[PDB]
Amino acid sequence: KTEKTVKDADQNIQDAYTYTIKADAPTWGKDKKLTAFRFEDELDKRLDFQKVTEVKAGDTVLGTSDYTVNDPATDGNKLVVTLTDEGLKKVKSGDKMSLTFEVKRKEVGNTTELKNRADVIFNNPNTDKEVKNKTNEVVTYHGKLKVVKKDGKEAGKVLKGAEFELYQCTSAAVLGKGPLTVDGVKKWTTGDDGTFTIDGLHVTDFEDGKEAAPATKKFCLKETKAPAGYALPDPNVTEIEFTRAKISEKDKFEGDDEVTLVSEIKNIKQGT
């Protein structure tokens, strides 16, 4: 069957991840040859194609002379991987074709979901007819994380200058991997409105194209520096339940839209 898979677990915005397209080549006798075979994939506009990592015909790993790659940036983000005449010679009747390529998601954009589907288009050597087989659709979800720094007492007082790191964690008491780099940044500071937004993070409840198995996967914000005149909170680690359903909630805080999770973190004035 014609199948698409995505390997994206824990890959945030601007982290490389991969798609794989698998399809059966047609069958043909010794008196014929495969005259055309290509993969096509309309990449979501939020993706930046990086490179093809592998093209295989059965167990044969193809080389760059065996296929051509277009430039998705100049073809409306459509990727086309076409077997050359040398590449078509390496294809055996009924071979399982495979294409793996790498992308980066540039931003969350207007939906947490980012879908992908592909087509395999070839000439059937038995009839010389063009055949087009579409894959299933796979989905990758990312959301924005907005942090709003406030004074624990004085309601409505937002605080500039608070500094934070981000970690993977099982809980706020047990930090995992980090400080994480997200789109070249590994430390964020609250601005004049007491906020910053991390655009963006991989959701925890869905990964590699399917629902995640029940697990205690979370993100944690570590406040490393409090605003001037404020004591560093204890605890200074805030855990975030960064799921599709939690992100989708809206109008609970300023800037709380369906693609952003808003986390309000309190600080007590130095000397209480």
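Residue numbers here begin at 1 and follow the sequence given.
Stretches 64 to 72 and 212 to 220 differ in mean C-alpha B factor, with the higher average recorded for 212 to 220. According to the PDB record, 83 to 91 carries the higher mean C-alpha B-factor of the two stretches 83 to 91 and 174 to 182. The PDB entry assigns the greatest CA B-factor among 10, 258, 264, 254 to 254. Taking the PDB entry at face value, the top CA B factor among 145, 169, 108, 131 belongs to 131.
Ranked against the other modelled residues of its chain, the C-alpha B-factor of residue 104 as given in the entry falls in the lowest third. Per the PDB record, residue ranking by Cα B-factor puts residue 113 in the lowest third of the chain. In this PDB entry, residue 37 carries a Cα temperature factor that places it within the middle third of its chain's modelled residues. Residue-level temperature factors show residue 27 in the highest third of its chain, judged at the C-alpha atom. Among the modelled residues of its chain, residue 202 has a C-alpha B-factor that falls in the lowest third according to the deposited record.
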